[PDB]
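K.L.:
My structure is below; once you've seen it, I'll send some questions.
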Amino acid sequence: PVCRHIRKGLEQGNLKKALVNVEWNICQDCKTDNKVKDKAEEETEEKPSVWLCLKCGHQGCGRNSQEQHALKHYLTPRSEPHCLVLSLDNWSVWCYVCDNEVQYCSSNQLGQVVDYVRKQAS
Ligand SMILES: [Zn+2]
Ligand SMILES: [Zn+2]
Ligand SMILES: [Zn+2]
C-alpha cells in the first residue's frame with residue numbers, strides 16, 4: 001500500500017529544529033567535513049544531488065557526488081534507520097530500506113512533511 005517505515009524514517013519533531021537555521025541544498029555533511037580545506041572544490045564548482053534525511057534533517061549529497069554522504073549516513077550503524085531522504089532536486093523520496101522511490105499523499109505524514117520541508121527550503 002505504502003511504505004510503513006514512515007515514522008522510522010521521518011521524525012517531525014527533530015525536523016522542525018533542524019530546518020530552522022539549516023542550510024538548504026547544502027549537504028551539511030560536506031561542510032562539516034573539517035578534514036579538508038575545500039568542502040567545495042571551486043575548481044570544479046560542483047552541485048551534486050542533495051538528499052535530506054526526513055528523519056533528522058541531515059542533508060547529504062546523493063549519487064551525484066563523490067562522497068554520496070546521504071548513503072554513508074544510511075550506512076552509518078545507528079539505532080534508528082534514518083532511511084528516508086527526500087531529494088532537493090526532483091522532490092522525490094527515497095527509502096533505502098525499501099530500496100525504491102517513495103510516494104506519498106496529503107494524509108500521509110511523508111507527504112505532509114515533504115510539503116512542510118518544501119515550505120522550509122522554498
Ligand atoms: Zn556531502
Ligand atoms: Zn538522519
Ligand atoms: Zn520504506
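Starting from 1 in every chain, residues are counted up; chains themselves are A, B, ... following the order of the C-alpha cells, and ligands are numbered from 1 as listed.
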Residue 100 of chain A: which residues within 12 Å, counting only C-alpha atoms, same-chain residues fewer than 5 positions away excluded, as a compact mmCIF listing (two decimals) with N, CA and C atoms, in the first residue's frame?
P.N.:
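Writing done, so here's out.txt:
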# COMPACT_ATOMS: atom_id res chain seq x y z
N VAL A 2 1.83 1.27 0.81
CA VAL A 2 2.63 2.41 1.05
C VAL A 2 3.87 1.92 1.82
N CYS A 3 4.77 2.81 2.17
CA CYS A 3 5.88 2.48 2.97
C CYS A 3 5.41 2.57 4.43
N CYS A 83 16.38 6.24 7.12
CA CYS A 83 16.43 5.69 5.79
C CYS A 83 15.59 6.44 4.81
N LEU A 84 15.18 7.60 5.19
CA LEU A 84 14.34 8.42 4.39
C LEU A 84 14.98 9.67 4.09
N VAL A 85 15.13 9.90 2.83
CA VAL A 85 15.69 11.10 2.35
C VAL A 85 14.85 11.60 1.21
N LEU A 86 14.70 12.87 1.13
CA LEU A 86 14.00 13.44 0.03
C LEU A 86 15.00 14.17 -0.82
N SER A 92 11.68 13.89 -4.71
CA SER A 92 11.25 12.54 -4.53
C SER A 92 11.67 12.11 -3.18
N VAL A 93 11.20 11.00 -2.77
CA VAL A 93 11.59 10.43 -1.55
C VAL A 93 12.28 9.12 -1.84
N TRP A 94 13.28 8.82 -1.10
CA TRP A 94 13.95 7.59 -1.26
C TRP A 94 13.94 6.90 0.07
N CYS A 95 13.58 5.62 0.07
CA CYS A 95 13.62 4.85 1.28
C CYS A 95 14.61 3.78 1.05
K.L.:
Need the shell around segment 42-54 of chain A: protein/DNA/RNA residues with any atom at most 6 Å away, counting only C-alpha atoms. Skip same-chain ones fewer than 6 positions apart. Format as a list in words?
P.N.:
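Listing them by chain and then by number gives residues 10, 25, 60, 61, 62, 64, 65, 84, 85, 86, 87 and 88 of chain A.
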K.L.:
Could you list, as number ranges by chain, every residue within 12 Å of residue 79 of chain A, counting only C-alpha atoms and ignoring same-chain residues fewer than 5 positions away?
P.N.:
A: 8-9, 74
K.L.:
How would the residues just chosen look if you wrote them out with N, CA and C atoms as a PDB file, in the first residue's frame?
P.N.:
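As written to disk, part31.pdb reads:
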ATOM      1  N   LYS A   8       9.784   5.586  11.035  1.00  0.00           N
ATOM      2  CA  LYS A   8      11.130   5.090  11.215  1.00  0.00           C
ATOM      3  C   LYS A   8      12.136   5.973  10.474  1.00  0.00           C
ATOM      4  N   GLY A   9      11.664   6.599   9.433  1.00  0.00           N
ATOM      5  CA  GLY A   9      12.493   7.426   8.618  1.00  0.00           C
ATOM      6  C   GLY A   9      12.066   8.870   8.604  1.00  0.00           C
ATOM      7  N   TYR A  74      23.136   6.594   5.710  1.00  0.00           N
ATOM      8  CA  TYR A  74      22.318   5.399   5.855  1.00  0.00           C
ATOM      9  C   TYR A  74      23.157   4.220   6.297  1.00  0.00           C
TER      10      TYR A  74
END
K.L.:
Neighbouring residues of residue 28 of chain A were defined as those with any atom within 8 Å, considering only C-alpha atoms; residues of the same chain fewer than 2 positions away were excluded. Please report them as a PyMOL selection string.
P.N.:
chain A and resi 23+26+30-32+58-60
K.L.:
Hey, can you check how far atom CA of residue 96 of chain A sits from atom CA of residue 57 of chain A?
P.N.:
15.7 Å
K.L.:
Name the residues of segment 1-109 of chain A that come out as strand (DSSP E) in a backbone DSSP run; write them as a VMD selection string.
P.N.:
chain A and resid 50 to 53 59 to 61 84 to 87 93 to 95 100 to 102
K.L.:
Just the helix (DSSP H, G or I) stuff from segment 2-122 of chain A, please, per backbone DSSP, written as a PyMOL selection string.
P.N.:
chain A and resi 6-9+12-19+28-31+69-75+109-121
K.L.:
Once you have the residues from the selection above, write them out as a short mmCIF file (atom, residue, chain, number, x, y, z; two decimals), in the first residue's frame, restricted to N, CA and C atoms.
P.N.:
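Contents of again.cif, as written:
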data_model
loop_
_atom_site.label_atom_id
_atom_site.label_comp_id
_atom_site.auth_asym_id
_atom_site.auth_seq_id
_atom_site.Cartn_x
_atom_site.Cartn_y
_atom_site.Cartn_z
N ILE A 6 7.65 4.91 7.59
CA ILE A 6 7.43 6.34 7.59
C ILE A 6 7.99 6.97 8.83
N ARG A 7 7.49 6.55 9.95
CA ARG A 7 7.90 7.08 11.26
C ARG A 7 9.36 6.70 11.58
N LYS A 8 9.78 5.59 11.04
CA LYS A 8 11.13 5.09 11.22
C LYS A 8 12.14 5.97 10.47
N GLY A 9 11.66 6.60 9.43
CA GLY A 9 12.49 7.43 8.62
C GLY A 9 12.07 8.87 8.60
N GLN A 12 9.06 14.18 12.69
CA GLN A 12 8.66 15.59 12.52
C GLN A 12 9.28 16.51 13.58
N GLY A 13 9.34 16.02 14.82
CA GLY A 13 9.81 16.83 15.94
C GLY A 13 11.21 17.36 15.75
N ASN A 14 12.15 16.49 15.46
CA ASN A 14 13.53 16.91 15.30
C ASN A 14 13.76 17.59 13.94
N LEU A 15 12.82 17.38 13.01
CA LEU A 15 12.86 18.02 11.69
C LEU A 15 12.73 19.49 11.83
N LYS A 16 11.76 19.91 12.62
CA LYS A 16 11.48 21.33 12.83
C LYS A 16 12.75 22.03 13.32
N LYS A 17 13.43 21.41 14.27
CA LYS A 17 14.58 22.03 14.92
C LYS A 17 15.77 22.06 13.98
N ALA A 18 15.81 21.12 13.07
CA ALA A 18 16.91 21.00 12.16
C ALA A 18 16.80 22.01 11.05
N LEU A 19 15.59 22.20 10.55
CA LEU A 19 15.40 23.01 9.37
C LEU A 19 15.32 24.50 9.72
N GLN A 28 25.15 19.33 4.45
CA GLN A 28 25.81 19.79 5.63
C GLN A 28 26.97 18.90 6.00
N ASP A 29 26.89 17.62 5.63
CA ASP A 29 27.97 16.69 5.95
C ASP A 29 29.20 16.98 5.08
N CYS A 30 29.02 17.75 3.98
CA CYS A 30 30.10 18.19 3.18
C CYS A 30 30.83 19.29 3.91
N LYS A 31 30.04 20.11 4.57
CA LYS A 31 30.51 21.32 5.22
C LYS A 31 31.11 21.01 6.53
N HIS A 69 27.35 11.18 0.71
CA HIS A 69 27.23 11.28 2.13
C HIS A 69 25.86 10.83 2.65
N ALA A 70 24.82 10.99 1.84
CA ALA A 70 23.47 10.55 2.19
C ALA A 70 23.46 9.03 2.42
N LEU A 71 24.19 8.33 1.59
CA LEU A 71 24.24 6.91 1.73
C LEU A 71 25.13 6.51 2.84
N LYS A 72 26.26 7.20 3.00
CA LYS A 72 27.11 6.98 4.16
C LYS A 72 26.32 7.16 5.45
N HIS A 73 25.38 8.09 5.44
CA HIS A 73 24.54 8.35 6.59
C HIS A 73 23.59 7.19 6.80
N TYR A 74 23.14 6.59 5.71
CA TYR A 74 22.32 5.40 5.86
C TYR A 74 23.16 4.22 6.30
N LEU A 75 24.36 4.12 5.77
CA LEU A 75 25.23 3.01 6.07
C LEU A 75 25.86 3.19 7.42
N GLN A 109 1.94 11.16 6.36
CA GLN A 109 2.87 12.04 7.09
C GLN A 109 4.08 12.42 6.23
N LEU A 110 4.49 11.53 5.35
CA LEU A 110 5.62 11.76 4.50
C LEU A 110 5.32 12.88 3.53
N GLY A 111 4.11 12.89 3.02
CA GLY A 111 3.71 13.94 2.13
C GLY A 111 3.61 15.24 2.86
N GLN A 112 3.04 15.18 4.05
CA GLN A 112 2.88 16.34 4.91
C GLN A 112 4.22 16.97 5.23
N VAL A 113 5.19 16.14 5.50
CA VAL A 113 6.47 16.65 5.86
C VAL A 113 7.23 17.14 4.67
N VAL A 114 7.21 16.39 3.58
CA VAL A 114 7.81 16.88 2.32
C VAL A 114 7.23 18.22 1.95
N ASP A 115 5.95 18.37 2.16
CA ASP A 115 5.28 19.64 1.86
C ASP A 115 5.83 20.73 2.78
N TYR A 116 5.97 20.38 4.04
CA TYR A 116 6.49 21.29 5.06
C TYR A 116 7.95 21.65 4.76
N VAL A 117 8.74 20.68 4.47
CA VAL A 117 10.15 20.87 4.23
C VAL A 117 10.36 21.63 2.93
N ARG A 118 9.45 21.45 2.03
CA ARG A 118 9.48 22.16 0.81
C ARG A 118 9.16 23.60 1.07
N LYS A 119 8.28 23.86 2.03
CA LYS A 119 8.00 25.22 2.50
C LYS A 119 9.22 25.79 3.23
N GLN A 120 10.04 24.90 3.78
CA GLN A 120 11.24 25.35 4.50
C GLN A 120 12.28 25.85 3.55
N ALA A 121 12.53 25.04 2.56
CA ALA A 121 13.55 25.29 1.59
C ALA A 121 13.12 26.30 0.53
#
K.L.:
Just checking: using only C-alpha atoms and all ligand atoms, which residue out of A:104, A:122, A:67, A:97 ends up closest to ligand 3?
P.N.:
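So, comparing all the options, the nearest one is A:97.
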K.L.:
Find the distance between atom CA of residue 11 of chain A and atom CA of residue 56 of chain A and write it in Å to one decimal.
P.N.:
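We find that atom CA of residue 11 of chain A and atom CA of residue 56 of chain A lie 6.5 Å from each other.
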K.L.:
Could you tell me how far atom CA of residue 91 of chain A sits from atom CA of residue 34 of chain A, in Å to one decimal place?
P.N.:
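About the pair atom CA of residue 34 of chain A and atom CA of residue 91 of chain A: they are 28.7 Å apart.
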K.L.:
Let me make sure I understand: among A:81, A:1, A:41, A:107, which one has the smallest atom-to-atom distance to ligand 2 if we use only C-alpha atoms and all ligand atoms?
P.N.:
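Going through A:81, A:1, A:41, A:107 one by one, the smallest distance to ligand 2 is for A:81.
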